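Chain identifiers are assigned alphabetically (A, B, ...) following the order of the sequence lines, protein sequences preceding nucleic acid strands; residue numbering begins at 1 within each chain. Every heavy atom of this structure was used, including side-chain atoms; hydrogens, water molecules and symmetry mates were not.
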Amino acid sequence: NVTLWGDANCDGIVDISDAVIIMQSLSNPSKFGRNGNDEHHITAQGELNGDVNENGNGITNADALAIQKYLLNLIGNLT
Amino acid sequence: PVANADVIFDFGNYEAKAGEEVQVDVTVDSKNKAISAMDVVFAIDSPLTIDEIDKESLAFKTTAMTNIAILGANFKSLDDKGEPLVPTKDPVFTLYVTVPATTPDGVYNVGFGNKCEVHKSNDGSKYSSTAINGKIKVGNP
Ligand SMILES: [Ca+2]
Ligand SMILES: [Ca+2]
Ligand SMILES: [Ca+2]
């Protein structure tokens, strides 16, 4: 169950911080991934919300890019 | 009135003749603070046009995604470990502007449009920002 498509940081809005958290989770999973040690690590719900590109394949760089495209009106929605 | 902003953009000032192209380099003073991302749209006084937005944000050595149709650009400015970056003094944005050969003498502004978001971290928190300059003097008004 997704609460809001693109809302990787679970704050109830879709903005560029959602692309940031995805990139951070991928770049330093021990700090920022689903079981990370930082207080602002991505959450399980965030990984579901963030899987906007090729939904079903989980979180990759392309999910962050899709959020950027949406924010730029290059695509009309997420997913 | 707005308080002293956390981050200050400078669009520069320019002088051009009608018909010329102008490279507008936008720099940023974050007062030594790190920035995780930006998501912005630009604006320019008619009849000048922003023809293209560079896909490099040199201040962060990162690639920007663009959409000229909305004069938009965004990026994530993180190191290879995911940590937000402090910008250098290099341009954060470069805009390629055309001054049509029909443009009347005058001073024409370039700046942000209705959206300029400078993010601090990964949680939707944002710095306050402001922009200075962006005056393009065309001819001798
Ligand atoms: Ca969000
Ligand atoms: Ca995905
Ligand atoms: Ca100003």
Would you mind telling me which of A/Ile13, A/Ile22, A/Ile21 has the largest number of heavy-atom pairs within less than 4.5 Å of chain B?
A/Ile21
If hydrophobic clusters are built by linking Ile, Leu, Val, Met, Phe, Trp and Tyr wherever their side-chain heavy atoms come under 4.5 Å apart, do B/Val41 and B/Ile44 end up in the same one?
no
Please tell me whether B/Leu95 and B/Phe60 are part of a single hydrophobic cluster in this structure, the criterion being side-chain heavy atoms less than 4.5 Å apart.
yes
Shared hydrophobic cluster, B/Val26 / B/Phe75 (ILVMFWY, side-chain heavy atoms < 4.5 Å):
yes
Considering distance alone, list the donor-acceptor pairs between chain A and chain B shorter than 3.5 Å.
residue	atom	partner	partner atom	Å
A/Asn9	ND2	B/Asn122	O	2.8
A/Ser17	OG	B/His119	ND1	2.7
A/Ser17	OG	B/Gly124	N	3.1
A/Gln24	OE1	B/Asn122	ND2	2.8
A/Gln24	NE2	B/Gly82	O	2.9
A/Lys31	NZ	B/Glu83	OE2	2.9
A/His40	O	B/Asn122	ND2	2.9
A/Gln68	O	B/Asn74	ND2	3.4
A/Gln68	OE1	B/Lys76	NZ	2.7
A/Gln68	NE2	B/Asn74	OD1	2.9
A/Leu72	O	B/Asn67	ND2	2.7

Are B/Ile136 and B/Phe93 grouped together when hydrophobic residues (ILVMFWY) are joined by side-chain heavy atoms under 4.5 angstrom apart?
yes
Could you grab the distance from atom CG of A/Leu72 to atom CD1 of B/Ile68, nearest 0.5 Å is fine?
11.0 Å
Is A/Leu26 reachable from A/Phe32 through a run of hydrophobic residues whose side-chain heavy atoms are each under 4.5 Å from the next?
no
Can you tell which part of B/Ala73 gets under 4.5 Å to a heavy atom of chain A, answering side chain, backbone, both or neither?
backbone
